[PDB]
Structure formats: structure tokens, C-alpha cells
Amino acid sequence: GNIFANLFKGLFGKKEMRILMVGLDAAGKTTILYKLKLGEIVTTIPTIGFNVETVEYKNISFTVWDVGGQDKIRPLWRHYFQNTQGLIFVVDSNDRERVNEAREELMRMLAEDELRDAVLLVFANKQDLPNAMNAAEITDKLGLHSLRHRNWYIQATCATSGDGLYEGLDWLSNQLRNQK
Amino acid sequence: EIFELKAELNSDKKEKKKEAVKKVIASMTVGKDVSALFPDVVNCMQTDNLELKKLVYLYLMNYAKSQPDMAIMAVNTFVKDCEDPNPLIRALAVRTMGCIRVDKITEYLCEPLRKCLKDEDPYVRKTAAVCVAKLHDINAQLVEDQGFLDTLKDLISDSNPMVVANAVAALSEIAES
Amino acid sequence: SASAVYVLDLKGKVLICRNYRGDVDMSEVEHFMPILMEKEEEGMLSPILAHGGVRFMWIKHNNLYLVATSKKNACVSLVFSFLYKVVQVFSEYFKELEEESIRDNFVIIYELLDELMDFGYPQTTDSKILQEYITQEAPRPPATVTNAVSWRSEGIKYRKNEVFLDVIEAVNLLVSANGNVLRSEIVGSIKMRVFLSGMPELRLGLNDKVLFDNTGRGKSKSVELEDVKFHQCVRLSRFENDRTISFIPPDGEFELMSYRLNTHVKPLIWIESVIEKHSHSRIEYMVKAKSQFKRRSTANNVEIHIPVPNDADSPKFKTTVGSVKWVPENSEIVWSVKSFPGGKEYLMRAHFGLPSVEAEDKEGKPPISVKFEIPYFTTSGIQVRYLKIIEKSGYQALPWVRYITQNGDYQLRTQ
Amino acid sequence: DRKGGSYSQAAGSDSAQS
Ligand SMILES: Nc1nc2c(ncn2[C@@H]2O[C@H](COP(=O)(O)OP(=O)(O)OP(=O)(O)O)[C@@H](O)[C@H]2O)c(=O)[nH]1
Ligand SMILES: [Mg+2]
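Thresholds, definitions, all that
- Residues numbered from 1 in each chain as written, not as in the entry; some residues may be left out.
- Chains lettered and ligands numbered in written order.
- Part of a larger assembly, values for the part shown.
- Heavy atoms only, no water.
- Residues with missing side-chain atoms left out of burial classes, pairs and counts.
- UniProt positions renumbered as here; feature names shortened; annotations may be inferred.
- Helix = DSSP H or I, 4+ residues; strand = E, 2+ residues; numbered from the N terminus.
- Rg over C-alpha atoms; globule rule 2.2 N^0.38 Å.
- Pairing = 2+ DSSP bridges.
- Axes fitted to C-alpha atoms, helices over the stretch in contact; angles between N-to-C directions.
- Contact = heavy atoms within 4.5 Å.
- Nonpolar A, V, L, I, M, F, W, Y, C, P; charged D, E, K, R; others polar.

- Method-wise, the PDB entry is recorded as coming from cryo-EM, at a reported resolution of 20 Å.

- Under the PDB entry, chain B has the name AP-1 complex subunit beta-1 and belongs to Homo sapiens.

- Under the annotation held in the PDB entry, chain A carries the name ADP ribosylation factor 1 and is attributed to Homo sapiens.
- Quoted verbatim from the Subcellular location (unreviewed entry) field of UniProt, the annotation for chain A is "Golgi apparatus".
- The Function (unreviewed entry) comment attached to chain A in UniProt states, word for word, "GTP-binding protein involved in protein trafficking; modulates vesicle budding and uncoating within the Golgi apparatus."

Right, dumping it as C-alpha cells:
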């Protein structure tokens, strides 16, 4: 066999990568996905089902599958976990009551044998008000440091401002892609 | 067979997805119970190709009563497709929304029905009138609550004479029942 | 108001089905075949079936039964019209109407069925409009369907504006066994194959008796059609107002007007049959054909079918003009003539034996029918006056029309 | 030529009717 075509394709960029869009409802997951794909904060209707979109950055097409945080859509995240390589969790630092629910949902998602090769992607959503926690308080509350055998990274991103999305994308690419 | 079809439908290749959809459609027409693969095709539903969208909508309509629980993962897709710029896509979405015999599906489709009621396209107007008539036949109380009788009555005295005739037929069918 | 229209097969298998309302279960199609079989074996079979509280109306297609199951008291005429429109659309899209094309164009067939009707109410019925939005090899719906003019697509451009008309005449004569004609009706057919640039509005004008009387010229030969049906593009308002046949011609072959009135003239071909059938010994076929049409008109491909005995064998033909061939499948002898000039007298003398054992049951006396077709003949005498072809851009059209005279229900009752 | 009657040219209207 010959891999000349594969080498030629990889010389100019062949890797694409994957990503997931999960989190509690009203946690900026849809806004984060829109900012990653388009770059603007557009108001959208509640995600009754799911949102499918692709984002190309650094020569890698990291497709993001938006998943709602509704009760009827929370158990449907397992359907989108199949044929998925990445997962991004959007935390609601401004929702103290919903913080526990988001942490429980993240623990349930990470406590599945099928979702084991996907590194943790915790995004501190709603990072625009004083009530939002920092990149360490949210992780400590969610117990991201205790996720053994999982590469979890806590990043603070504001949907209105869009800051930190580039850093999170770069961290995800570094975790997934291990090439020069 | 079934496993191979599921693997093909769960892939990122457009040609393979189209081949899997065609095989599923042929099996369904030949007399094969393809309702078990409906949840697998739910993920492969939001597709840019119009041929695959029509097949997915037909499978959902034919697999809606069989798997009402699995039909809850298509409300977002229907809402997204109801605002498609192409009039054919909007008409197909309106027809599929009214063709789905789901009690909880038509409740979330009231907003799309109201949005498509004032559609400027005569084909879009006819599709909205047909969807309103189907919703009224399935749920007269839901149609009355949505206030589609006033929209249907006003469609008769508008342009789009084919759309006016469709609205008049829908109003007569509602009054007939 | 059929619940779901489906296409069956000769073996009872549904080639394709598409529910429109969902009020009728799809399993009722299986019981349709046993009901049809029971009706056929008892003589109670009808196109509109009835399975309990749901009626399964079916139409005998070329190879499959177009069963359109219905639940409530829907419009039977509307259901029949929808089935006819679907059959016409399938014939236009697929040149073959059988199981070969039913399972070969399922991807486009399902889309066409979905677009044709929704919730039991048909929406799209134009073959050109359907082909312009749904193809087997999708853009937005055409504006022609939304616009008032749904029978003339705008923007059509052609190198030449040539329209080919066809004055089709059907001569039907119901001659009883006593020798008298009972049903003698001639149905006209004005079909034009318009192929031009744009959407011209045809201005049909002929030597109509009503128009001649209205204009004061009711003294020449004028055709007085008892029943005149205009095409879809023909405006009925102009015809009711002053008999003005003004409408947009369609793109292709279409039927503009179809006259239908009784005929009080002598038959074009006078055929007298003699049955010198012996009692299980021999049979005599004293068939004489007299051409009652004008000598200037020749009946091309004249085939006077004379029903021979069902069990007759070893037949001998003794005729003068026209070859006589006995087809065992048809159980009759047809006096086929390539050219039949008007006034020609053809005499034939059939002679064949019969089996010694008599038949167990009677076979009946089917009427004798001829297949005479003399073109360039106007038996009704109606002559087209003018065809007002007007276009906004402005062009010189060269319409053409041909008059064809043939034999329709020209059946003569057997003795 | 063509069977069933040769095609003939048709006018535009009745010139004798004004
Ligand atoms: N205005 C504003 N909203 C923010 C901000 N950060 C997070 N959000 C949330 O992001 C949400 C945007 O809604 P969506 O587009 O539907 O995305 P989502 O948060 O995942 O909501 P669902 O799709 O229903 O799950 C808003 O409801 C906010 O609660 C912010 O900085 N400003
Ligand atoms: Mg969202």
C-alpha cells in the first residue's frame, strides 16, 4: 500500500476534529455555538431538539452539535454522543440554583463508558455579570479537578463579548490535535 | 442489512447517506418495517439536500404514529425548516407538520402555522391553509384556540385565487365537521 | 375526499401508497383484493369499493388498480378527477404505465404524490408545472401555479411559431340487427399542438351555427355541435357572452374544443352481413361493404370486423377487395382493406366448418364493428374561419390544422 | 405527407365579419 495521497492531503491540512454542544438550558450553549460559527450574539428560540453546525478553524472543521438543557432533551444527549469525538459543556455561573443541576448533568455525561475518549470542555458561560464565578470557582464547584482520565479545561467566555472563545478553541485543538 | 444501513446513515458521507435513505425508502415501499431505524435517521435529518429532506420528512410522517416518543426530536428541525427561504421547503415543512399525527407535535407547531398563515407565496398560503385544516381536523379545540378561523375566512377575500380556493375548501371542511 | 390514494398491482400488491388524511388505516388495502375477487365472481364488482365504513374507490389502470380509499362522504366525482389527473401526470412523466416504472421512479413518484395533493385536496395538476418543480433527474415552485394563467407558461422562446391543429372526427353508428341505426352521433375534436414563443392568446374562430346566426350569416354550411366543451385555458366568460373562444394556447399538444352532436346523415361505410351458418355443418359469411362516403375520400386502413364462430375452424375466405385474416384470439374475421375509396363495393364469402359436438353454452352475438378512417374528410362540414394568435411582443404565426375522419362507435348489431 | 389529412394553413379571423 501507498500513503502518498494521505501525506499530500495532510501537508496542506486534512485533520478536521469534532466538538459537542451540551449544557443546561439558557447557559449560552446556542449563543456560544453561534459565536463560534458566525461570531454574533443572536437570540434564538429554545432548543426543543438539537442544532447541527460546523465551524472551521486552524484548518480543522470542528463541527458542533447543539444539545438543549431541557428535561425532555436532557436524556437525548446520549443520541448525539454516538459518532462524536468532542464535547463542550457550557456552565451557568449566574444560575446558582441551576449550577448544581449543570454539575449533575456533566457528571452523568462523564460517568458513561461510551463517553470516555472525549476530553472535558467546560465553558464558563454568562461571564459578563459580577455574579459569574471565575475559572477556578466554577471548576471547583463542578469538581472538574476530580475527573480522572479526562482532560477537562475551565474557560470563562461571555456570550455578549465573545472573549475567551478563541482560547477555548485553541485549548480544544491542542487537546485533540497533537501535531506541529 | 439493518446494521449496515444504520452504519451508513450514521456516517458523514452524503452519497452514503443518500444511498441509505433510498434503500430505506425502497424497503418501506416493498413492505419492510423500517420504523426501528427512525431514531437513527433523526440525527441525519437536517441536511442541505432537498431530496434527502423529502425522504426524511416522509419517513417521519410514516414513522410518527409508530414511534411518537421518537418524534420529539424533530420539533426543532421542523421549526428551523418552517423559515426556509425556498418556498418548496416551506411548503414541504408545512405539509409534514400537519401530516404528523402527534398530539404533542401539533401543539408546538401552532406558532409555525401562525407564521405561515400570512405567507405571501400562494403555494405557501395554500400549504398553511392545508396545515391549519389538518390541525383543526386532528384537534378542533387547538384550531379554535389558535384562532385560525379568522385567518381562513380572510384568505377567501385575498389574492392567490388558488390559495383562496384552498382556504375556502379548508374552511368548508372545518365547518363540515 | 379519499383518505389515501394508492397504486395496486395485478397480484394485489400495492406498488405505491401515500396517505393524505390518516383517517383510514393502511391495512385496508389488503382486504380490497378479496372484496374485488368476490365481486368479480358474483358480478357485484364496482370501481368504488366499500370496506365497512370506509369506501375504497379503485380505477382499473394499465397494470395496477389505483385504489383511493376514503372514509367520509367525499366527492366521488372529485376523487375520480384526481385519479384521472394522477394517471395523466404519470403517463406524461413515464411513457410506460406498469410495474416496471412504478418501482423505478419511486424517489420522484413519492415527491410528485406529496406535491399533487395534501389533506385529500389536490393542489397541483399541471404536467408542465409539476415537471418544472419535481424532476427524476429542487428549486422554488413556479409562479405559473400561483399566477392566474396556470395553463400557459410565460418566457417560452422558440425559433419558429408553428401550431399543428388536428380536426379529429369520430363517426359512431349504432346499427341494430334490424338494419336501422339507433345511436348515430359524431363527436368533434379540435386539438392543436401549439409550439411558439411566449404565451399567445388564441382567438378560436370557426363556422359555428350559433356564431353564424348571431352574425347574420346563418345561410352557409355551419357546424352546430350539440355539446361544446372548452379547454382549461379557454375562457368560458367570452363563450357565454358572445361565443368568443379566446384563451392562452398551451405549450404543446392540448385539446381546445371538442364538439359533440348527433348525426342525421347516412353512414360512411354501409356493411351488410349474411350468416349462412349450417347446423353443425358449415358457416357462411356473406359480408358486403358499401362505401357511403364521397368518392373523393378514401378510407385508409379499413378493417370491418365480422365475428366468426367461437368453435369455427378451417375457414375459407372468398372476397374481392381487401385481405381477410382470421385471428383465433379475437374469435372473428376482420375484412382489412389498406385503401377503401368512397363508393367502393366489397363483397366477401366466408366458409368454414364446425365441430360435430355442439357447444355446451351459448357465446352471444357481438356486434360487427369497422375501423374505417378516411382523412381529409369533413363529414360535419364545419370549417375553421380563423385563429387569432396575438402576442405582446408581436410575431407572425403560421398555424396549421388537419381534418381527420375516423370510425368511432360504428358497431352494427349482428343478426 | 401525413396520414389522416395534410395540414393546411389557418386564417386569423373572419375577414368578412369586419
Ligand atoms: N444576553 C446575554 N445572554 C447570555 C450571556 N451569556 C449566556 N447567555 C445565555 O444564552 C442564552 C442564549 O439562548 P440560546 O441561543 O437558545 O442558547 P442556550 O443558552 O443554549 O439556550 P437553549 O438553546 O434553549 O438551550 C440566553 O438565554 C442567556 O441566558 C450573556 O453574556 N448575555
Ligand atoms: Mg441553543
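## Observations concerning the overall build of chain B
Working step 1: If you tally the helices and strands in chain B, you get 12 helices and 0 strands.
Working step 2: Seen in sequence order, chain B has helices and strands lined up from the N terminus as α-α-α-α-α-α-α-α-α-α-α-α.
Working step 3: Against the 2.2 N^0.38 benchmark of 16 Å for 177 residues, chain B shows a C-alpha radius of gyration of 17 Å, consistent with a compact globule.
Working step 4: Viewed in the frame of its principal axes, chain B has a C-alpha envelope of about 55 × 30 × 25 Å.

## Concerning the sheet that holds strand β9 (residues 201-206) of chain C
Residue and element names in this part refer to chain C.
Working step 1: Here we have 3 strands laid out as an open sheet, ordered β11-β9-β22, and antiparallel in their pairing. If you trace the sheet from one side to the other, it starts and ends with β11 (245-247) and β22 (384-390), each paired once. Strand-to-strand, the axes of this sheet are offset by a mean angle of 15 degrees, without reference to chain direction.
Working step 2: Pairing between β9 and β22: 6 bridges, direction antiparallel. Among the inter-strand pairings, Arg 203 is bridged to a residue of β22, identified as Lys 388.

## Here's the deal with unusual backbone geometry
Working step 1: One non-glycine residue, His 149 of chain A, lies in the positive phi region at around 65 degrees.
Working step 2: Within the secondary structure, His 149 of chain A is located in the loop between α5 (137-142) and β6 (153-156).

## Quick look at the sheet that holds strand β4 (residues 66-70) of chain C
Residue and element names in this part refer to chain C.
Working step 1: The strand order β2-β1-β4-β3 describes an open sheet built from 4 strands, whose pairing is antiparallel. Looking along the sheet, the strands with just one partner apiece sit at the ends: β2 (16-19) and β3 (55-57). For this sheet the average axis-to-axis angle between neighbouring strands, irrespective of direction, equals 20 degrees.
Working step 2: Summarising the sheet, strand β1 (residues 2-7) and β4 pair through 5 bridges and their orientation is antiparallel. Each bridged residue has a counterpart across the sheet, and for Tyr 6 the counterpart in β4 is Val 67.

## Brief notes about the UniProt feature "binding site: Mg(2+)" (unreviewed entry) in chain A
All names here are of chain A.
Working step 1: According to UniProt, the positions carrying the feature "binding site: Mg(2+)" (unreviewed entry) are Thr 30 and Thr 47. What stands out for the annotated residues spanning 18 residues is how close their C-alpha atoms remain, the widest pair being 8.1 Å apart.
Working step 2: Following the sequence through the fold, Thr 47 ends up in the loop between α2 (29-37) and β2 (50-57).

## A short note on the interface of chain D and chain C
Working step 1: The interface of chain D with chain C comprises 10 residues on the first partner and 13 residues on the second.
Working step 2: For the side of chain D that touches chain C, the per-class residue count stands at 3 nonpolar, 7 polar and no charged.
Working step 3: When strand β23 (residues 400-407) of chain C meets strand β1 (residues 8-9) of chain D, the two strands line up antiparallel, connected through 2 bridges. When the sheet's bridge partners are listed, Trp 400 of chain C is paired in β1 of chain D with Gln 9 of chain D.

## Some words on the pairing of strand β14 (residues 282-291) of chain C
All names here are of chain C.
Working step 1: With 4 bridges joining them, strand β13 (residues 269-272) and β14 adopt antiparallel strand pairing. Residue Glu 272 lies in a different strand from β14, and its bridge partner there is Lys 288.
Working step 2: The pairing of β14 with strand β19 (residues 345-353) spans 9 bridges and is classified as antiparallel. Bridge assignment links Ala 289 to a residue of β19, and that residue is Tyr 346.

## Some details on the environment of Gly 4 of chain D
Working step 1: As for its position among the elements, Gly 4 of chain D is in the segment before β1.
Working step 2: Apart from residues lying up to four places away in sequence, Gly 4 of chain D is in contact with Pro 375, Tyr 376, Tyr 403 and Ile 404 of chain C.

## A few points about the pairing of strand β3 (residues 60-67) of chain A
Residues and elements named next belong to chain A.
Working step 1: Looking at chain direction, β2 and β3 are connected through 8 bridges and run antiparallel. From the neighbouring strand, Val 55 faces β3, where its bridge partner is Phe 62.
Working step 2: Between β2 and β3, which follow one another and run antiparallel, lie 2 residues, and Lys 58 among them has a positive phi close to 60 degrees.

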